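Using ideal geometry, Cβ is built from the backbone for each residue, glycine included, and neighbour counts are taken over all protein chains shown. Bear in mind that the values in this text are calculations on the coordinates, not laboratory data.
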Amino acid sequence: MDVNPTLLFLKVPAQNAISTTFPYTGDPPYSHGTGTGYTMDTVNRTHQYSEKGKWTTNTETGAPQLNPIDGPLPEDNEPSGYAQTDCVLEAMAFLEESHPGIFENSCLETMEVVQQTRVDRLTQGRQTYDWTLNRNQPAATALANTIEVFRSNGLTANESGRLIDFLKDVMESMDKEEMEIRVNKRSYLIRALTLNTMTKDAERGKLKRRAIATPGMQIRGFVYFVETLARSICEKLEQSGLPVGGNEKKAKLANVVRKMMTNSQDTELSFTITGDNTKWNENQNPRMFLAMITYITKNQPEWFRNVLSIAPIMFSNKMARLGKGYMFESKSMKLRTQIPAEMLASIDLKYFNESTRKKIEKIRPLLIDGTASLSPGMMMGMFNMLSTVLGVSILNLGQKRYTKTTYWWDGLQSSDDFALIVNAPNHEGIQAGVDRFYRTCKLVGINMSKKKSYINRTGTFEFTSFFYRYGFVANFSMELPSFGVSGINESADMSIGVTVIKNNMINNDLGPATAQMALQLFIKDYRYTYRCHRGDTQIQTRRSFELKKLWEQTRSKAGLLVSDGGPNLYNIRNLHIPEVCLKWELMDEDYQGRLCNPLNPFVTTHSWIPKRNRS
Amino acid sequence: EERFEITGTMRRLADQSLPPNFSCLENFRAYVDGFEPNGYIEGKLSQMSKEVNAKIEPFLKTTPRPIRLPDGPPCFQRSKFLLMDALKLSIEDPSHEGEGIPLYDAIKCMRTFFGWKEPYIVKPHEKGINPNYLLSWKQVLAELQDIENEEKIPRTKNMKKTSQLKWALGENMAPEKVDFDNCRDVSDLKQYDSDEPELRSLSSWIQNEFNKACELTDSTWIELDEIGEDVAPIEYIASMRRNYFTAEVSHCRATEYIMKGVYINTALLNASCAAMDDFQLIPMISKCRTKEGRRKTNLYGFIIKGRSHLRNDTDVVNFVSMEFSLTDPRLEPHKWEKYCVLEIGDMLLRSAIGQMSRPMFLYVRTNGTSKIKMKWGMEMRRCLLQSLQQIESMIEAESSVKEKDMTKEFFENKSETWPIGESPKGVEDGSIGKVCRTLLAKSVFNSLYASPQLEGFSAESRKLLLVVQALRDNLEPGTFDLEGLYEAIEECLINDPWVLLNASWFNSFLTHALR
Amino acid sequence: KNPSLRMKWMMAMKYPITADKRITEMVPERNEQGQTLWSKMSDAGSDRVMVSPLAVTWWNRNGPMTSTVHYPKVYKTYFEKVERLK
Amino acid sequence: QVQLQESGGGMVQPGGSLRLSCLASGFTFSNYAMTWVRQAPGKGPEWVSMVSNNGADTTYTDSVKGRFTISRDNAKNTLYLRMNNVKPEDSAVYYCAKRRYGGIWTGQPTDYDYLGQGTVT
RNA sequence: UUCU
RNA sequence: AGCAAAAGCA
């Protein structure tokens, strides 16, 4: 015999047995090293697809920066970020025609958030890169450090606490020549436009890393506004992929293939594409969003038309700090030397590797105080919710009111993935309807990949790991987070464990069987951690004796808590109830007397505060 | 509220962020307001060349060619511990004696086998000094027999720092650090030896190592906790599926690994944080539960871990691993390429007929383990759940046809014949139980052999599948550029023998599905 | 960078939690079996009154004995779900 | 109605193994909890073990922990029991049972509906 | 630093 | 020595 699982696909189909392929071994691949050798690659590739554009030097920053917008048209099928400004607005204009007044209403719900927000809603975010210390810090301390700098000067209009008064300060700080931390005008701008790089780790579904970048402080407030606006705009739409998610997306995927599948003039083909756009971020240029933002904000007030307009101005002159650097060596003396990032602008080229010389060569011009400068593209991880509306406008062309021809389409779009559903009365009409989309989607700067895409008759396709057979929409959005202990306290972990399993059952598709078994592995990790094995178990540890003292001391043992002595009493019918309210009446008068004691000296008498140093 | 004027400085930035034929913001803003659709898009297309097009290359039953595997020397084993060749000493003790401290449960377990020869070398390493291991097995043995003469009841024995335990770990085999201002004078510099890895071929031993995992055993190997009582119907549907599952996987050799790759990692992780500088002796211990209801406490081998000054998320600690086995290293040497082979004695034993008196070997070798290839071991029990999520969905696919509950699939001992094997001259089938072990072992091996290559093959060996399944169902499929997909698959087949195997399973699925 | 592992490690060490001086006079120094739960590092600020988790389970088998019925009346929304299940 | 039979009973030397078995009919076997009680000669009965409708929640007497295992099979409507390393005083007649509640903990553990045809020495 |  | 891969821990 010679066992072979992937012969399983001869009887059972693929869309049902697809879970065999997901190896779930995507977490432990991490990044080994510093991670600058990749950031010198993304800067190069951003400048090879947009080389034809006229490049000029910028004022009060001293740096060249490319601009391929409105440039010539391509000839090769390779990627290209040569957009056309008279074409993008033409698409977003027709979006208003098919969807009346969608823009003027969406801005109104944002026109009040700008006046009804608070600065503290900013700090609830991911890690940031403060511009004072030149090191990644959390969102909590980076605000107190930068606001003290603003307070150090005469400007203290932040006292109102509104976020909009934090933006008036930075706007009133960027004009002063020298700042008092010392540092001049041309040295302070370069520090506020930075986007620190770092090699991406834990890539689930890719061979090699990606070299994402994290933003500063002043910039992350503006992008919160525009990201809010593109959320509402992409909420009222029908073919969205990013904001609509979870189990409700399971429904939207079947409505599209019901509308477009209605067979009038039943002599017509119906094909469906599964797609993936390559280099989605290397091509998009903020100069196009500035055309979009000022078109969304048509006839609106002036001050509100300004604030949203500011963020792409900063992305349009951005700069990416390089990593910690390289580490040379010598086998003779057997040492290692850590090179900084700035010295690469002065180090001799002969020590480096041959291909590492090819990177530094093309990047040798783009060097501003040990900091490269690029503006033909966007950085990974930054805002793209607005850039989903762009490709959606291409899905609007195809209602037969903009083609004036027999072929037509309509589809569904996440950021990097889509799916079209084409219709025409012969094979040849289909080959033209798709040849118009690959072309029309290139004038906007959104390339389509010809390796990660296939085509088939309708009834089955892929989209965002929501595999669709004729009527089955089995989803694999996110993997399982191990159902492990967190590490806060007794009563805290046991609440988090039996609610995450609840949410993963109604949001994702988690069966009734693999929710019980998951509750056996969680409690197995909860008892070993806190050493709370129940009495009748004959285990022995540094805590075991006193638990058996209480075990024999009580009458009805179903009332005790699991944290000390008691049994598990949950199932997949009552996960939405905390432990104490479940077995409250079940407890005897003795345990109940000592459990909820208002004179509890520890501090809910199980919830404590552990010893934390944060070394 | 009032922002009627932006500034005089950043205003100069915005005029530097506009399209080419624009040199002002106010003169550009009103151009947008004055925009109306005059059919610009149909004009640009009339200038785009005809070399920008998507030609439907139709898929057919003769287009997909087989993947071309690497060619080169055969591969080697790179597992943290042994898989099929292991050998375990046991006490066979209800109310096993030690039972709280692995050391005394290990020393007490060692007194069963006797007849230990003097140590003896069998096959050198071919790269490194071999006698520096032979002086460790004697070193550990004297420190082990020392306990019975001491009888102090120690919890764990920090070994000695002899030269023999100073080299195979490499305490001071590292280079020195200095800045560039002092190093620039040196003229022997180099970035690093970052180059392309070596291409390895496919060997046979990994097929004879996966079959033996999808095979029954005698014991249970796992004991899970309890839950409440079920009253609803949706719960009985779960308790019926899960109970049919657990009674078809507990008697499996792959669950031995799930509970062997936990006790090893968690003790190595708990000790290596509380005792950094000093060495230690960590016995590989696995606690079983046999047929008769009789506990056991087995022992697979010892471990010796060196210095561990770990501060960041990805540090490294290295250890030596001593493992018992009978597999005479003279038939598959390329598998035991990195292993040092000793000889300890002869297990005087007789088969059902005749006698063997076969030898008993040891496999010593160093290793390395970050602080994440340990935490990826203690969560192997997640592997069971990932093998049940598959079986559950395969049942709820039939649910769209009829009731299709689990009852009509698990029994009916031979009613569907799931084809999970390729015997010569055919595809021999088996019941769902043999499936519910094969999905598990494939899932366990995906954690032991975790690597970036496997993450890339599955991402690109999935689209070639769906394109095939649309052909067999006759939905008239098509692709755009095929040879760009193969070349992005073969780029991930370098040296890992697991990935180098799945490209022999996939390559034998096309030949039987008529491509 | 992960709290769970720090909860398994720190529980390997004795006296992981913290409480101020009121716990000191209430319970004894060590249990009858000898296991200690009232260590003291003699700090200047709060004296470092650190206690082992054994004091928790000890407090639930022996300690004060209150008669309040206030707690059932606070968690009312969580008590309303109890009747629907039954 | 309630039907409960026994099997596997037989004399055996000490320190030996044995496996009992039972059988049911006339009710939902996968919806009620079972126990095992034993009557020693000249002594009242007492509980030995319990088990739930999932096959999960098991308990035991204080004096027989680690030496008795209990396991049910809802499909064949049986209730096995494996006792290893039998003590000398364990010789007595064993009586099957059937709880009323699905769980085990609630209420006191005592037999309610059964007859112990099976015995052992 | 005991996951039967 | 080995870990493990496009650069780092020894």
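Are any of the residues in the range A:415-433 at positive phi and under 30 Å from the mean Cα position of the chain (by Cα)? So that I can check it myself, show each step before the final result.
Of the range A:415-433, the ones at positive phi are none.
No: the range A:415-433 contains no residue that is at positive phi and under 30 Å from the mean Cα position of the chain (by Cα).
Quick grid of which residues meet (1) within 16 Å of RNA strand E (Cβ to nearest atom); (2) within 14 Å of chain A (Cβ to nearest Cβ); (3) of a type in the set (V, I, T):
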site	(1), (2), (3)
B:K127	no, no, no
B:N132	no, no, no
B:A142	no, no, no
B:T162	no, no, yes
B:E176	no, yes, no
B:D188	no, yes, no
### Query
For C:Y15, which of the numbered conditions (1) more than 9 Å from every other protein chain (Cβ to nearest Cβ); (2) at positive phi; (3) buried (at least 16 other Cβ atoms within 10 Å of the Cβ) fails to hold?
(1)
### Query
Of (1) under 16 Å from the mean Cα position of the chain (by Cα); (2) assigned to a loop (DSSP other than H, G, I, E, B), A:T228 satisfies all except one. Which?
(2)
### Task
Tell me which residues, restricted to the range B:73-111, are within 16 Å of RNA strand F (Cβ to nearest atom) and either within 14 Å of chain D (Cβ to nearest Cβ) or farther than 15 Å from B:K335 by Cβ (or both).
B:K80
### Query
Regarding D:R19, is this residue of a type outside the set (A, V, I, L, M, F, W, C), crowded, with 16+ Cβ neighbours inside 10 Å, part of a strand (DSSP E or B) and in contact with a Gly (Cβ under 9 Å, 6 or more places away or on another chain)?
no
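Out of all the residues in the range A:285-301, is one or more surrounded by fewer than 18 Cβ atoms within 10 Å (Cβ to Cβ) and either under 19 Å from A:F461 (Cα atoms) or basic (K, R) (or both)?
yes
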### Query
Does the range A:375-385 contain any residue that is away from RNA strand E (no atom under 16 Å from the Cβ), exposed (fewer than 15 other Cβ atoms within 10 Å of the Cβ) and not aliphatic (A, V, I, L, M)?
no
### Message
If I filter the range A:500-523 for residues that are within 27 Å of C:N31 (Cα to Cα) and among the charged types (D, E, K, R), do I get at least one hit?
### Response
no
### Task
Report yes if B:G228 is within 16 Å of RNA strand F (Cβ to nearest atom) and either buried (at least 18 other Cβ atoms within 10 Å of the Cβ) or aromatic (F, W, Y) (or both), otherwise no.
no
### Task
Output yes when any residue across the range A:344-351 is away from RNA strand F (no atom under 14 Å from the Cβ), assigned to a helix (DSSP H, G or I), within 14 Å of another protein chain (Cβ to nearest Cβ) and not hydroxyl-bearing (S, T, Y), and no when none is.
yes
### Task
Please tell me if A:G377 is under 30 Å from A:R439 (Cα atoms) and either in a strand (DSSP E or B) or within 14 Å of another protein chain (Cβ to nearest Cβ) (or both).
yes
### Task
Check A:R573 against each of (1) surrounded by 17 or more Cβ atoms within 10 Å (Cβ to Cβ); (2) more than 16 Å from RNA strand E (Cβ to nearest atom); (3) assigned to a loop (DSSP other than H, G, I, E, B) and name the one condition it does not meet.
(1)
### Query
When you look at B:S321, is it of a type in the set (S, T, N, Q) and at positive phi, yes or no?
no
### Task
Give the residues of the range B:420-450 that are within 7 Å of chain A (Cβ to nearest Cβ) and out of contact with any strand residue (DSSP E or B) (no Cβ under 8 Å at 6 or more places or on another chain), sorted by residue number.
B:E422, B:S423, B:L439, B:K442, B:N446, B:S447, B:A450
### Message
Here is a check on your reading of the model: is B:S325 among the polar types (S, T, N, Q) and either surrounded by 14 or more Cβ atoms within 10 Å (Cβ to Cβ) or within 14 Å of another protein chain (Cβ to nearest Cβ) (or both)?
### Response
yes
#### Entry: Filter result for the condition that a residue is under 29 Å from A:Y438 (Cα atoms), away from chain B (no Cβ under 13 Å) and in contact with a helix residue (DSSP H, G or I) (Cβ under 6 Å, 6 or more places away or on another chain), over A:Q265, A:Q284
A:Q284
### Query
Restricting to the range A:483-521, what's the tally of residues that are facing another protein chain (nearest Cβ under 9 Å), under 24 Å from B:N243 (Cα atoms) and within 26 Å of the chain's Cα centre (by Cα)?
4
### Task
Could you tell me whether any residue of the range B:190-202 is more than 16 Å from RNA strand E (Cβ to nearest atom), more than 33 Å from the chain's Cα centre (by Cα) and part of a loop (DSSP other than H, G, I, E, B)?
no
### Query
Can you tell me which residues in the range B:240-277 are within 16 Å of RNA strand F (Cβ to nearest atom) and either more than 27 Å from B:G100 (Cβ to Cβ) or not hydroxyl-bearing (S, T, Y) (or both)?
B:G261, B:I264, B:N265, B:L268, B:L269, B:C273, B:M276, B:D277
### Query
Which fully enclosed helices (runs of 4 or more DSSP H) of the range B:224-343 have 1 or more residues being touching a strand residue (DSSP E or B) at 6+ places or on another chain (Cβ under 8 Å)?
B:254-258, B:260-274
### Query
Any idea how many residues of the range B:186-227 are more than 30 Å from A:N353 (Cβ to Cβ) and not aliphatic (A, V, I, L, M)?
19
### Summary
Of the candidates B:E150, B:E99, B:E92, the one satisfying the condition of being within 16 Å of RNA strand E (Cβ to nearest atom) and surrounded by fewer than 15 Cβ atoms within 10 Å (Cβ to Cβ) is B:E92
## Note on the structure
Within the range A:540-565, residues away from chain D (no Cβ under 11 Å) and within 14 Å of RNA strand E (Cβ to nearest atom) come out as A:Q540, A:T541, A:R542, A:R543, A:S544, A:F545, A:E546, A:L547
### Task
Could you grab the pairs with beta carbons closer than 7 Å, sequence gap of 6+ or different chains, first residue in the range C:26-53 and away from every other protein chain (no Cβ under 13 Å), second one surrounded by 10 or more Cβ atoms within 10 Å (Cβ to Cβ) and not charged (D, E, K, R)?
C:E29/C:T36; C:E29/C:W38; C:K40/C:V49
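I need the helices (runs of 4 or more DSSP H) fully contained in the range B:362-476, keeping only those with at least 2 residues that are of a type in the set (A, V, I, L, M, F, W, C) and under 27 Å from the mean Cα position of the chain (by Cα).
By residue number, B:382-398, B:432-448, B:452-460, B:463-472.
Here's the yes/no breakdown for (1) within 30 Å of B:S136 (Cβ to Cβ); (2) in contact with a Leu (Cβ under 6 Å, 6 or more places away or on another chain):
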residue	(1), (2)
B:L362	yes, yes
B:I372	yes, no
B:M380	yes, no
B:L385	no, no
B:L388	no, no
B:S393	no, no
B:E398	no, no
B:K402	no, no
B:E412	no, no
### Query
Mind checking which pairs have a first residue in the range B:5-24 that is within 7 Å of chain A (Cβ to nearest Cβ) and a second that is surrounded by fewer than 16 Cβ atoms within 10 Å (Cβ to Cβ) and assigned to a loop (DSSP other than H, G, I, E, B), Cβ under 7 Å, 6 or more apart or different chains?
B:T7/A:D175; B:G8/A:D175; B:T9/A:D175; B:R12/A:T59; B:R12/A:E60; B:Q16/A:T59; B:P20/A:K54
